[PDB]
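Colleague: need coordinates for the following:
(one chain, ligands or ions: 3)
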Amino acid sequence: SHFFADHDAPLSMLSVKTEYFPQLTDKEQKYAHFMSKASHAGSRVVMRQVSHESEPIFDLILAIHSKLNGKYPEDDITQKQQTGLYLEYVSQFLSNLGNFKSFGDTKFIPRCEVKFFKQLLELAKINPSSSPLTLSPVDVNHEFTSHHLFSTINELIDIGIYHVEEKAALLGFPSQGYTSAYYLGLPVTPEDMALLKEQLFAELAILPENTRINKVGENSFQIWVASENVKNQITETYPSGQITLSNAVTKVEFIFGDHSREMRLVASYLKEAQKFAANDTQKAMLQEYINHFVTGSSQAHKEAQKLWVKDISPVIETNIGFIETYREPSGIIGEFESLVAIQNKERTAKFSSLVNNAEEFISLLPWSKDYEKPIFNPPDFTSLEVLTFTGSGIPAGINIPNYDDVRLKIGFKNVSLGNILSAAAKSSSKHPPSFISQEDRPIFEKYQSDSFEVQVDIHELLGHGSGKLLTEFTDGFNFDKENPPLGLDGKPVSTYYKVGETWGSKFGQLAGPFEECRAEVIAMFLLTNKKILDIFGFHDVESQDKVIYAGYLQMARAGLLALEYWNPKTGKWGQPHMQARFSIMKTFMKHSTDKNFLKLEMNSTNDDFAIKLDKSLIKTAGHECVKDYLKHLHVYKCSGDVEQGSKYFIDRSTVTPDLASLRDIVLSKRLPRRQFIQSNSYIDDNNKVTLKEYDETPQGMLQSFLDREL
Ligand SMILES: [Mg+2]
Ligand SMILES: [Mg+2]
Ligand SMILES: [Zn+2]
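Modeller: Numbering: from 1, shown residues only. Ligands and ions are numbered 1, 2, ... in the order given. Shown next is the protein structure:
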């Protein structure tokens, strides 16, 4: 593996300005605005938590750009190449808010020559011997930053930016030769963090998520608390000054005011958004967040979360703070992150319409009422559009809070991030989607997104929502035990779920991919339904057939891309959704009534191919092989036929020699980790919230952050 930044990384502008944002009321826009400002105010916080050089590098990047007036070297074509490489590093750095990638926790360095990097200083007239401290905003409290670890800017470039050591290039315990920005001073050991967890935090009932550890001695620690306050204003919970643990040796002192500058900014913006909250619960929630970032009380954040869980299906969903605790070695301290996601209000309405008509579509599904619930119970499913996500990496969904006591007692939120999931399937880059023929590029590029959304909604509502397991209870069955439902062969099934037995227990690990497949096939099945399309806003036959075509084409492609997550050595799948999609693509190709429904045209060098899917066969062969696959999956699952069901699905998901031969090709067409650019909001002369977007380029990413500094 290499330690270089990505080249030709795909950049996605998280656009919500044209379609989604305009749907929000004025109040909702203002709320979204200030929560976004609060989110971005924590950018530097994340950096300080990724690596010690991260913030300094950020400052240097800003300094260079400023002193060069945004004009980078472009004389010789070599200078152009070196500039591009430099900007690609900057872009990836900004995408991860630091120089250790969130996906892998490994340090990455620029591809441009170090000599060139230092030439940027020459051009910008930045004295390489000066201290990085001179590059920081004057109101950043350097007592809690890492600039001092680098005597000169030259050292920052050499050691911070470029230097690589196998161990040091990985997040972990500094005592073991690794890197961690959660720890400062002397090398922090696992024993240290084990002791602090039990004999300090647990002992004093103090949640550790918003802290950093400064080891000032072999047995002396400082606990830096993230807060605007520079003093302890919560002595009822936090000890004042130095204390000694139970071992009468270890000394610990809580020091407040870490990230004070940013905490103050975050709190000020939360206060603004509070004026525009949608209900009293959101207002109270914000107050606790404010108490949390101002005072440093970690309990206040938990109090915010308890209120948050009680805020049902808001139009503007948010969550902020030191949330996930996996990047810190001992796994108890959280990395800052902040989310602002908005409803697609039109989509929410369409989904409601789908629910209101659910029973009708359920009946249309290819099985007897014997394998269906008498009354439809709509599953819980939330899809939102990311407007802002400040953090080391933007997830495809969120499942929080992480406080086990709150999750159990009050509940938790599970939210899917639409425009993030959509990007993974869209496969947007600096030119055509892999394996899509030129002939299909137009329609695919135009309808892929729409078909994807339609399929997701059906998948989640009617897909997972449908079905009844033939089950035994302590005193009776939910089916006619004497004359059980008929199987696919027309004979009464002899299988069922005995008392205590569940889908998961009976089908074991196969249950995951199997059910995801069933849900996916249900979506494909109903994709061609006239009223379904009407509900989703496709009323004319021409656009309908295009959505359908794009849906089948996208599924075929997805099943082939899935080969990446199949291990040719062990034959085991790495992701349930991938195995399911593959089985469906394989169904099109090998189990249709017409062999020419799905074909793969290899190029002359057998290192690339084009998907040939016959649109005119979708109505017949296409629909029938999907309906066929669905009937088997559903009856097998519901009748508890683990024996037939397993063999059936395992076979359909088995990578045949011909398809296995394509894996290398699939791997070669893999796009690098996607980098997301976030909009910037502001209030105009007319007191109107306005969104500013940016080009999907390294310069665009850079600009999006420049516009956030001042
Ligand atoms: Mg039916
Ligand atoms: Mg049978
Ligand atoms: Zn699913």
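
Colleague: what number of residues lie near the closest residue to residue 135 other than its chain neighbours?
Modeller: Nearest non-adjacent residue to residue 135, counting by Cβ to Cβ, 6 or more residues apart in numbering: residue 59, 3.8 Å away. Quick note: C-beta positions are derived from backbone N, CA and C, even for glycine. Residues near residue 59, counting by other Cβ atoms under 10 Å, number 23.

Colleague: and residue 222, by the same measure?
Modeller: Around residue 222 there are 21 other residues, counting by other Cβ under 10 Å.

Colleague: residue 502 too?
Modeller: Around residue 502 there are 12 residues (other Cβ under 10 Å).

Colleague: contacting residues for it?
Modeller: Contacts here follow Cβ atoms under 8 Å, 6 or more residues apart in numbering; on that basis residue 502 touches nothing.

Colleague: follow-up on the earlier one: what strand or helix carries the residue nearest to residue 135?
Modeller: Here residue 59, judged by DSSP states H and E, is contained in helix 54-67.

Colleague: for the closest residue to residue 292 other than its chain neighbours, phi and psi?
Modeller: Distance criterion Cβ to Cβ, 6+ apart; nearest residue to residue 292, sequence neighbours excluded, is residue 300 at 3.9 Å. The phi/psi pair for residue 300 (degrees, to the nearest 10) reads phi -60, psi -40.

Colleague: what about residue 166, how many neighbours?
Modeller: A count of nearby residues for residue 166, using other Cβ under 10 Å, gives 9.

Colleague: how close does it get to residue 87?
Modeller: 28 Å (Cβ to Cβ, to the nearest Å).

Colleague: that older thread, I'd say the residue nearest to residue 135 and residue 133 touch.
Modeller: No. With contact defined as Cβ atoms under 8 Å, residue 59 does not count as touching residue 133 (9.2 Å).

Colleague: which neighbours do the two share?
Modeller: With Cβ under 8 Å, 6+ apart as the test, residue 59 and residue 133 both reach residue 147.

Colleague: this protein - how does it break down into domains?
Modeller: The chain breaks down by curated CATH domains into domains covering 1-19+51-182+672-709, 20-50+259-343+381-426, 183-258, 344-380+427-671.

Colleague: closest one to ligand 3 among the ones you listed?
Modeller: Ranking the domains of the chain by proximity to ligand 3 (Cβ to the ion) places domain 344-380+427-671 first, at 4.6 Å.

Colleague: that older thread, winner for burial among the domains of the chain?
Modeller: Mean neighbour count (mean count of other Cβ atoms under 10 Å) peaks for domain 20-50+259-343+381-426 among the domains of the chain, with a mean of 21.

Colleague: briefly note if it comes near ligand 3.
Modeller: No. Using Cβ under 5 Å from the ion, domain 20-50+259-343+381-426 never reaches ligand 3; the gap is at least 9.3 Å.

Colleague: can you check stretch 572-582 too?
Modeller: No. Judged by Cβ under 5 Å from the ion, stretch 572-582 stays clear of ligand 3, getting no closer than 7.3 Å.

Colleague: can you list contacts of that stretch?
Modeller: Stretch 572-582 is contacted from outside by 512-514, 516-517, 520, 555, 558-560, 562-567, 653, 655, using Cβ under 8 Å, 6+ apart.

Colleague: how far does it sit from the chain's center?
Modeller: Put simply, stretch 572-582 sits 19 Å off its chain's centre (Cα atoms, centre = their mean, to the nearest Å).

Colleague: and if you look at stretch 242-252?
Modeller: Relative to the chain's own centre, stretch 242-252 is displaced by 41 Å; criterion: Cα atoms, centre = their mean.

Colleague: same deal with stretch 106-116?
Modeller: That offset, for stretch 106-116, works out to 27 Å (Cα atoms, centre = their mean).

Colleague: next: stretch 135-145.
Modeller: Worked out by Cα atoms, centre = their mean, stretch 135-145 lies 31 Å from the chain centre.

Colleague: how about residues contacting that stretch?
Modeller: 44, 48, 55-56, 59-60, 62-63, 133, 147-148, 153, 224, 257-261.

Colleague: tell me which parts of the protein are close to ligand 3?
Modeller: Close to ligand 3, as judged by Cβ under 5 Å from the ion, the chain has residues 516, 519.

Colleague: in what helix or strand does residue 416 lie?
Modeller: strand 413-417.

Colleague: so residue 270 is in contact with residue 291, correct?
Modeller: No. Look at residue 270 against residue 291 with Cβ under 8 Å: they stay out of range, at 10.1 Å.

Colleague: if I look at residue 567, how far off is residue 398?
Modeller: Residue 567 is 29 Å from residue 398, where distance means Cβ to Cβ.

Colleague: the helices in the stretch 201-350 of the chain, which residues?
Modeller: For the stretch 201-350 of the chain, helices defined by DSSP state H, counting those that start in this stretch occupy the ranges 203-204, 260-274, 280-295, 298-309, 345-356.

Colleague: hang on, the earlier thing: overlap of the contact sets of residue 270 and residue 291?
Modeller: Common neighbours of residue 270 and residue 291 are not found (criterion: Cβ under 8 Å, 6+ apart).

Colleague: and the residue nearest the centre of the chain, what does it touch?
Modeller: With distances taken as Cα atoms, centre = their mean, the residue of the chain nearest its centroid is residue 395 (1.0 Å). Shown in contact with residue 395 (Cβ under 8 Å, 6+ apart): 417, 420.

Colleague: that one belongs to a helix?
Modeller: No. Looking at residue 395 with DSSP: H, G, I helix; E, B strand; the rest coil, it is coil, so not inside a helix.

Colleague: rewinding a little: just want the angle from the strand holding residue 416 to helix 298-309.
Modeller: When axes from the mean of the first three to the mean of the last three Cα atoms, to 10 degrees is applied, the directions of strand 413-417 and helix 298-309 differ by 70 degrees.

Colleague: tell me what strand 413-417 is packed against?
Modeller: strand 383-390, strand 397-400 (3 or more Cβ pairs under 8 Å, 6 or more residues apart in numbering; DSSP states H and E).

Colleague: can I get those strands in CSV with distance to residue 410?
Modeller: Output for the helices and strands packed on strand 413-417, formatted as CSV (distance: least, Cβ to Cβ, whole Å):
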stretch, distance to residue 410
strand 383-390, 21
strand 397-400, 12
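
Colleague: residue 329: which of those strands is closest?
Modeller: Closest to residue 329 of the helices and strands packed on strand 413-417, according to Cβ to Cβ: strand 397-400, at 21.7 Å.

Colleague: heading C-terminal from the closest one, find the next helix or strand.
Modeller: Downstream of strand 397-400, the next assigned helix or strand under DSSP H and E is helix 404-409.

Colleague: mind checking how far that following helix is from the chain centre?
Modeller: When distances are taken as Cα atoms, centre = their mean, helix 404-409 is centred 23 Å away from the chain's centroid.

Colleague: one more: stretch 116-123?
Modeller: Per Cα atoms, centre = their mean, the centroid offset for stretch 116-123 relative to its chain is 36 Å.

Colleague: which residues does residue 11 contact?
Modeller: Counting by Cβ under 8 Å, 6+ apart, residue 11 has contacts 91, 674, 675, 676, 677, 696, 697, 698, 700, 701.

Colleague: how far away is it from residue 678?
Modeller: Distance, residue 11 to residue 678, by Cβ to Cβ: 12 Å.

Colleague: hang on, the earlier thing: right, and the helices and strands packed on strand 413-417 - which one's nearest residue 630?
Modeller: The nearest among these, by Cβ to Cβ, is strand 383-390 at 23.4 Å.

Colleague: can I get that closest one in CSV, CA atoms only?
Modeller: C-alpha atoms of strand 383-390 as CSV (Å, rounded to 0.1, in the frame of the first residue of the first chain):
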residue,chain,number,x,y,z
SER,A,383,-34.2,9.5,4.4
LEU,A,384,-32.7,13.0,4.4
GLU,A,385,-30.5,15.2,2.2
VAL,A,386,-27.2,16.3,3.7
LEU,A,387,-26.8,20.0,3.7
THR,A,388,-23.8,20.1,6.0
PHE,A,389,-21.6,17.5,7.6
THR,A,390,-18.6,18.8,9.4
